[PDB]
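See structure below.
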Amino acid sequence: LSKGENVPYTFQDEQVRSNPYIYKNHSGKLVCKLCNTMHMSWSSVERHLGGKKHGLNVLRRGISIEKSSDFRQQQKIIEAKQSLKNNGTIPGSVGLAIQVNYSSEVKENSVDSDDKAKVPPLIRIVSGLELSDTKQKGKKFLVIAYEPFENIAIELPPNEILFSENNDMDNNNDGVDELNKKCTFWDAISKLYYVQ
Amino acid sequence: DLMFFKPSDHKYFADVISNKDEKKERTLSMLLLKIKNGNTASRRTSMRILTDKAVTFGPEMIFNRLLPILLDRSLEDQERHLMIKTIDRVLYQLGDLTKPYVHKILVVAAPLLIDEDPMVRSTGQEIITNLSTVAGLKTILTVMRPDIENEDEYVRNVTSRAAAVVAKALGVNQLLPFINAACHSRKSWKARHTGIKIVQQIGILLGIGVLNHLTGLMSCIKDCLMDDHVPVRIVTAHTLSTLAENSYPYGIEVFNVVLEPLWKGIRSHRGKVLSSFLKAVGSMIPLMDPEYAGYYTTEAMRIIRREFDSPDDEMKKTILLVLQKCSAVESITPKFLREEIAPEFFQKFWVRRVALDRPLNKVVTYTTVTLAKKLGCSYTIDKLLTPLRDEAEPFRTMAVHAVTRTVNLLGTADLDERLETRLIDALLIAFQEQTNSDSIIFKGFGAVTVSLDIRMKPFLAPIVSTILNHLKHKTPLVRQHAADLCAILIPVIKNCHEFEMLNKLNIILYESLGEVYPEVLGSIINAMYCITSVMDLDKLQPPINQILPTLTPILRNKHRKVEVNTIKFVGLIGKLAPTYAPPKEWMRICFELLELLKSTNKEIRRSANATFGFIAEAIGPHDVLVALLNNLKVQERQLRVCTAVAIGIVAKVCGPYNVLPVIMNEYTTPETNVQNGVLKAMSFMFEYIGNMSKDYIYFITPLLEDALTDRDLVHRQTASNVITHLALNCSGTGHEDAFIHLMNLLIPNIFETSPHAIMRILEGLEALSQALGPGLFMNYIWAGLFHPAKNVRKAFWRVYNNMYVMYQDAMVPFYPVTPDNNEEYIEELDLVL
Amino acid sequence: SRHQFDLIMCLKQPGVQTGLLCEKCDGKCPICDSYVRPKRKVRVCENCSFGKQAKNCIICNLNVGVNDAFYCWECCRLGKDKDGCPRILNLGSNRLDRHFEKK
Amino acid sequence: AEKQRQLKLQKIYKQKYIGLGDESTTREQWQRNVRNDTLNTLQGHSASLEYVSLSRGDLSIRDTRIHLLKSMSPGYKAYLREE
Amino acid sequence: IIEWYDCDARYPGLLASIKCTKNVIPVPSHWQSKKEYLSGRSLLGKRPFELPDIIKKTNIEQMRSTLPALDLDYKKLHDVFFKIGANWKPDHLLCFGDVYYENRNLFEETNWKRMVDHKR
RNA sequence: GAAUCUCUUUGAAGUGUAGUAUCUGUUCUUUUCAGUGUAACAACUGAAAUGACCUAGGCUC
Ligand SMILES: [Zn+2]
Ligand SMILES: [Zn+2]
Ligand SMILES: [Zn+2]
Ligand SMILES: [Zn+2]
């Protein structure tokens, strides 16, 4: 029932834990440091975790942290689409514009069950501080994602470009964020996503 | 789980087959079913719930549903007792009940006293003695009055015993006028009868305590004995027997009243009436005054001799009792007995038909043995030689018993060479010719051989010839019988310096040690134990170092006696022969026992633990401790506890300087059960050393630092158990400063509940009272002595009760009492000269 | 007793007589049931001796004892030695459910 | 069961050893036990008895002993008052 | 020393005299709490055990690993308890009226007392 | 007993008495008053205001 995980003793002076909570004290029993509850067997531990008691103490601890100050069914063919970066310019500075093209009714003919099909591609700015390899980092990426196709990134060394100032007249349909509504276009009829 | 459904008694429950009065009404009967028909784990819980809530449920529904259950014929001794236990716990809980339900319960649990087994007799007494305090005198007296008038012999017999248990519980002084009511009642005949029997069971239950109360009862005997009713007259005579035997010679001054009519009853009514009368007078004989004993004994002995021919069983049983008691009389001479009583005794009462019935055979033997004291021993056994050679096997058995009990008391030193020869000859004959399976012959024969020993040598050889002759036989009964006889005869052979003969015995037994039958094999190993114990090891033939490796597989034979005698003998080689067996073989022994002590036997388990002392003396103590500590990690409680015992004994024989440091590391191990085994092993290793722990105390206190502080009530419990022995044996050494610490950690645990925790902590604090002295221990008790909390108070007054029990003068100077503290104070404490 | 709770004691002024225990119970201090360094022989009141009941084991109350019971050195210092007459009057739930369990 | 036995042993120990505070005991009941045991030891030891005899200055020592005995009962104060 | 709950003392004038008598040591205050005297959060972070350094000299620490055969000299062990460790005594112990409350941990006070010693 | 040939291999579970701890599930105030209870709580036991007015409150009716 332990699923082969090693829970170190409390006195062993902390490898990442699944839940950094259940420990074993100086004795052999298992304890929840937050809940301060003793548990005889790992089954009792799982009852504790699945119990509302522990959860309440987790929310209380999160409140203490603030005081101190669809995802499953996601289809994934991991297919790299074709981007068309191009140095743009208007007035009064310089901005970037990307032209991402998508399938020509080649494989999207088998999936049409209004499952987020109406949802257009989405962009987000990610810091390289977190990667599957975690080697080098220190720059941002303008990630672009669509359900079936594979994610795409574009490095942005410049601290700020095209970061405008009240372009439109403050209309509030947040969509996803100010970035997406502010500067993206989704030609859904031709399947072309423009971003600038 | 409701294990083992009862269809008829469950459909008798009805209730829920699928509203507070309906909820208690249902759950109550549901629990009752859990107890009667259910699962052990279930019924154990329903007991605790039923007792905790026993005050909540109305006794009307409790007894209303519960009581009629026991009226059925489909109950079993298991289940009926399962309900009986609830009866006891509930009656002792509520403590107050109305008279109709008192009557119901007394009628239900009343027949229990009559059941054949003292197991049921005991609890049947418990329900009644617990109910007596509940209902009281007046209620129970109002209960027995309508019942004693019943025409049913069975029920009258029942509430005779029940009324007796009540009389003992609430005292016979309060219930005595009732005894005078049914006693002296002129109305009913059965009321007279049972009114007399109640005196019987009162006398039996009180025993010697009947003395101070014997005045009122003898009134009933003297006045009610004169009744013209033969059964009444008989029962009175039995009451004189019981109250005389339980009386002991004191009561003569009171019995002198009823002394007279017994004789005029004897010389007249005769018959079974004279049987009961001579039982009474016979019981009077020991309490008679020496002159009066002289007269009345000589008066009775004539009637006895005349009545030797009584065809009836009861009268013969009585006669044997009267001779049994009259034997102790100094007036009648052993010359008189040998000239008249004894010859007319042995010829009449030793007839073969006598030996057929055991309950008579008892009184025959005990009577004969009481005769042996006054009679010459050589004369008694002289008359006892002919019954030994009779061809009837049970008659030979009784013939043995007489020799056993006689020779144990007197001994055979009175016998001449010739009849001494014929004695051992007869014993060998009956021993080798015995048909029946019984354990007496080798026991009593062994008793004779222990009585006379140096004289045995020329018989000692043929006796052993018969021994080997039976050691080869096709019946395991005769096998283990002869082996048991061997183990008994081994010490005697040493007196004849036959030692080579002991060697050939050791040979043959060692060669037969490979027998399949465990029951015989165990006895064989017992004979091995006696041989090796008696004779020097060097001259032992096999020799020992060849013996033991054949013993190492024996430990796995399971059963019981095999490991009993096996562990005994392995221990014998453990203390006697350290050098012979190789140390690795001793390690195999350690592993085998370490696996072996899972057995359920406390003798096997205890002796098994004891052998580790000898093995620790012979071999490496650390070597033993490795296996022991490695076995502490096992979940089984017997393994943990008795491995802790082994650690204790090893620490006793080796000394704690070796064992303790490794123990402390085994405590450093995080595992709970291991830490518990450590703390208990520390307790035992301390109780086995009185003067040693004094030097070791300081190294203990940092370990008890984490023990007493530990969250687990178990660790706090067993640590307190350490402080018990450690404090008792280290008290007065001067370590009080350490004891002060150890206590300072204990005081907060006083409020801890549970029975085990509370008694371990109480005993610990009492041990601290001896090491610290009351004064400081007092100071804590005082500053907590009263307090508002109603809880703190109840807790500390326990410790102060035990302190007041052990110490009083010791606490006298330490009472924090001043003239402003209390009004009167004591004017004499301030006096200074 | 120290372990089994429901066992009831006597606690009267002990007489000259010495209590007997069976070979099965041999070695136990009748209070604490300890096997170590026994000191003084138990003494029971006359009310616990009289007839056949005198032969019983003062500990297990059933078997007929040969051996004398001794108090340990821990009870002799705790004074429980002199407390009163040790005996077990009630057989106890353990022994009861044992006998009814087997038969 | 266990606590229930502790009640019976409470009755027995209270019977033998007289005053043992159980749970609720009045200060009059308990202080009486204090006085009784203190006087008990003062007269019990020939030592402390000899001591109180001289420090008090009585003509004889048994006067002090039987004084303590009498002083054990409460009414002895009023008894002295009536002399 | 007297506290608000002493008002309901059935014999308050007496209980004040006893509780305020010279050498009496007031009841440990973990009563009136229902936590069974140890719920302590600090109990979670207590060290399993530490050998007294004199016993740690015996080297059985290395011989047997308690953390997640072993034969040693009788003279060595005996001398550790007696020759080396006769005058040895635990460093902390406690005093006349020291009582251990739940939240207390002696170890930090041991390093404290030792530190008031070393550091000047 | 000795001699030869072929082939193969190696190099067990379990019980009962008492008692404890720990999960988890589940429960929860409309307001008062008085009693029990409590160290005080808690808890338990009984009843029930309806109407009007003023800026939590009322010597209110
Ligand atoms: Zn938790
Ligand atoms: Zn007794
Ligand atoms: Zn016994
Ligand atoms: Zn003892």
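For the structure tokens, the naming scheme is as follows: chains receive sequential letters (A, B, ...) according to their order of presentation, residues are indexed from 1 within each chain, and ligands are indexed from 1 in presentation order.
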Worksheet item: Could you pull the residues within 12 Å of segment 78-82 of chain E, counting only C-alpha atoms (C1' of nucleotides), minus those fewer than 2 positions along the same chain, as a VMD selection string?
Response: (chain B and resid 654 to 661 692 to 700) or (chain E and resid 52 to 59 72 to 76 84 to 89)
Practice prompt. Just need the residues of chain E within 7 Å of chain B, counting only C-alpha atoms, so spit them out as a ChimeraX atom specification.
Written response: /E:6,8-10,14-15,17-19,21,23-28,36,38,48-49,55,60,66-67,69-71,74,77-78,81,89-90,93-94,98-100
Discussion item. Taking only C-alpha atoms (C1' of nucleotides) and all ligand atoms into account, list the residues no farther than 6 Å from ligand 3, as a VMD selection string.
Written reply: chain C and resid 21 to 22 24 to 25 57 59 to 60 63
Worksheet item: Please, which residues of chain D lie no more than 10 Å from chain E when the count uses only C-alpha atoms, and can they be set out as a VMD selection string?
Response: chain D and resid 24 to 27
Prev. selection, N, CA and C atoms, output as a PDB file, in the first residue's frame:
ATOM      1  N   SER D  24     -13.795  12.969  48.276  1.00  0.00           N
ATOM      2  CA  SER D  24     -14.256  14.105  49.065  1.00  0.00           C
ATOM      3  C   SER D  24     -14.127  13.735  50.536  1.00  0.00           C
ATOM      4  N   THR D  25     -13.278  14.464  51.252  1.00  0.00           N
ATOM      5  CA  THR D  25     -13.118  14.294  52.687  1.00  0.00           C
ATOM      6  C   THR D  25     -13.108  15.664  53.341  1.00  0.00           C
ATOM      7  N   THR D  26     -13.986  15.852  54.318  1.00  0.00           N
ATOM      8  CA  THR D  26     -14.070  17.135  54.994  1.00  0.00           C
ATOM      9  C   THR D  26     -12.784  17.417  55.756  1.00  0.00           C
ATOM     10  N   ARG D  27     -12.435  18.702  55.835  1.00  0.00           N
ATOM     11  CA  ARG D  27     -11.246  19.096  56.581  1.00  0.00           C
ATOM     12  C   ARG D  27     -11.350  18.681  58.041  1.00  0.00           C
TER      13      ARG D  27
END
Find the residues of chain C that sit at most 12 Å from ligand 4; for each, write down the nearest two atoms and how far apart they are in Å, to one decimal. Count only C-alpha atoms and all ligand atoms. Sort by chain, then by number going up, and give it as CSV.
residue,atom,partner,partner_atom_place_in_ligand_line,distance
C:1,CA,ligand 4,1 (Zn),10.8
C:2,CA,ligand 4,1 (Zn),9.5
C:27,CA,ligand 4,1 (Zn),10.5
C:28,CA,ligand 4,1 (Zn),7.8
C:29,CA,ligand 4,1 (Zn),4.5
C:30,CA,ligand 4,1 (Zn),6.6
C:31,CA,ligand 4,1 (Zn),5.3
C:32,CA,ligand 4,1 (Zn),4.3
C:33,CA,ligand 4,1 (Zn),6.2
C:34,CA,ligand 4,1 (Zn),5.6
C:35,CA,ligand 4,1 (Zn),8.4
C:36,CA,ligand 4,1 (Zn),8.4
C:37,CA,ligand 4,1 (Zn),9.3
C:38,CA,ligand 4,1 (Zn),7.8
C:39,CA,ligand 4,1 (Zn),9.3
C:40,CA,ligand 4,1 (Zn),10.3
C:41,CA,ligand 4,1 (Zn),11.5
C:42,CA,ligand 4,1 (Zn),10.9
C:69,CA,ligand 4,1 (Zn),10.6
C:70,CA,ligand 4,1 (Zn),8.4
C:71,CA,ligand 4,1 (Zn),5.2
C:72,CA,ligand 4,1 (Zn),4.2
C:73,CA,ligand 4,1 (Zn),6.6
C:74,CA,ligand 4,1 (Zn),5.5
C:75,CA,ligand 4,1 (Zn),4.1
C:76,CA,ligand 4,1 (Zn),7.1
C:77,CA,ligand 4,1 (Zn),9.1
C:78,CA,ligand 4,1 (Zn),8.5
C:79,CA,ligand 4,1 (Zn),9.6
C:80,CA,ligand 4,1 (Zn),7.8
C:81,CA,ligand 4,1 (Zn),7.8
C:82,CA,ligand 4,1 (Zn),11.5
C:83,CA,ligand 4,1 (Zn),11.9
C:86,CA,ligand 4,1 (Zn),11.5
Since we have the selection now, will you write its residues out, keeping C-alpha atoms, as a PDB file, in the first residue's frame?
ATOM      1  CA  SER C   1      -3.906 -10.230  41.289  1.00  0.00           C
ATOM      2  CA  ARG C   2      -1.395  -7.894  39.648  1.00  0.00           C
ATOM      3  CA  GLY C  27       7.889 -19.436  42.079  1.00  0.00           C
ATOM      4  CA  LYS C  28       5.384 -16.569  41.922  1.00  0.00           C
ATOM      5  CA  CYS C  29       5.153 -13.920  44.591  1.00  0.00           C
ATOM      6  CA  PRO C  30       1.386 -14.120  45.241  1.00  0.00           C
ATOM      7  CA  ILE C  31       0.997 -10.339  44.922  1.00  0.00           C
ATOM      8  CA  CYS C  32       3.192  -9.308  41.999  1.00  0.00           C
ATOM      9  CA  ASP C  33       3.712 -12.780  40.457  1.00  0.00           C
ATOM     10  CA  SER C  34       7.485 -12.272  40.337  1.00  0.00           C
ATOM     11  CA  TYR C  35      10.050 -15.067  40.151  1.00  0.00           C
ATOM     12  CA  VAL C  36      13.000 -13.210  41.705  1.00  0.00           C
ATOM     13  CA  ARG C  37      14.639 -13.439  45.167  1.00  0.00           C
ATOM     14  CA  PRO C  38      11.694 -14.576  47.338  1.00  0.00           C
ATOM     15  CA  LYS C  39      11.922 -13.757  51.036  1.00  0.00           C
ATOM     16  CA  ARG C  40       9.207 -14.705  53.522  1.00  0.00           C
ATOM     17  CA  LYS C  41       6.701 -17.533  53.389  1.00  0.00           C
ATOM     18  CA  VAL C  42       3.088 -16.504  52.948  1.00  0.00           C
ATOM     19  CA  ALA C  69       4.543 -19.399  48.555  1.00  0.00           C
ATOM     20  CA  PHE C  70       7.132 -16.735  49.333  1.00  0.00           C
ATOM     21  CA  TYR C  71       6.883 -12.978  48.978  1.00  0.00           C
ATOM     22  CA  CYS C  72       9.547 -11.309  46.885  1.00  0.00           C
ATOM     23  CA  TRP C  73      12.016  -8.759  48.198  1.00  0.00           C
ATOM     24  CA  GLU C  74      10.195  -5.982  46.380  1.00  0.00           C
ATOM     25  CA  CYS C  75       6.874  -6.796  48.043  1.00  0.00           C
ATOM     26  CA  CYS C  76       8.577  -7.367  51.394  1.00  0.00           C
ATOM     27  CA  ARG C  77       9.900  -3.806  51.205  1.00  0.00           C
ATOM     28  CA  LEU C  78       6.656  -2.418  49.776  1.00  0.00           C
ATOM     29  CA  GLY C  79       5.108  -3.991  52.869  1.00  0.00           C
ATOM     30  CA  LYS C  80       2.483  -5.880  50.859  1.00  0.00           C
ATOM     31  CA  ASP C  81       4.011  -8.897  52.592  1.00  0.00           C
ATOM     32  CA  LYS C  82       2.270  -7.824  55.785  1.00  0.00           C
ATOM     33  CA  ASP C  83      -0.857  -6.379  54.142  1.00  0.00           C
ATOM     34  CA  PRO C  86      -3.450 -13.236  50.140  1.00  0.00           C
TER      35      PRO C  86
END
Just need the residues of chain F within 12 Å of chain C, counting only C-alpha atoms (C1' of nucleotides), so spit them out as a PDB file with C-alpha atoms (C1' of nucleotides), in the first residue's frame.
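That gives us result07.pdb:
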ATOM      1  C1'   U F  15      -6.832 -19.006  20.264  1.00  0.00           C
ATOM      2  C1'   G F  16      -9.536 -16.476  24.943  1.00  0.00           C
ATOM      3  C1'   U F  17      -9.795 -13.071  29.046  1.00  0.00           C
ATOM      4  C1'   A F  18      -9.559  -7.885  30.667  1.00  0.00           C
ATOM      5  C1'   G F  19      -7.819  -3.164  28.809  1.00  0.00           C
TER       6        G F  19
END
Item to complete: For chain E, list the residues within 8 Å of chain A, counting only C-alpha atoms, and write the list as number ranges by chain.
Response: E: 39-41, 44-48
Pull C-alpha atoms from the residues just selected and write them as a PDB file, in the first residue's frame.
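Okay, part_16.pdb is ready:
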ATOM      1  CA  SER E  39      -0.649  16.448  22.073  1.00  0.00           C
ATOM      2  CA  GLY E  40       2.606  18.326  21.685  1.00  0.00           C
ATOM      3  CA  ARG E  41       3.664  19.582  18.306  1.00  0.00           C
ATOM      4  CA  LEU E  44       6.990  15.423  16.689  1.00  0.00           C
ATOM      5  CA  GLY E  45      10.444  16.993  16.568  1.00  0.00           C
ATOM      6  CA  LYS E  46      12.090  15.256  19.515  1.00  0.00           C
ATOM      7  CA  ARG E  47      15.299  13.337  18.898  1.00  0.00           C
ATOM      8  CA  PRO E  48      14.974   9.546  19.211  1.00  0.00           C
TER       9      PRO E  48
END
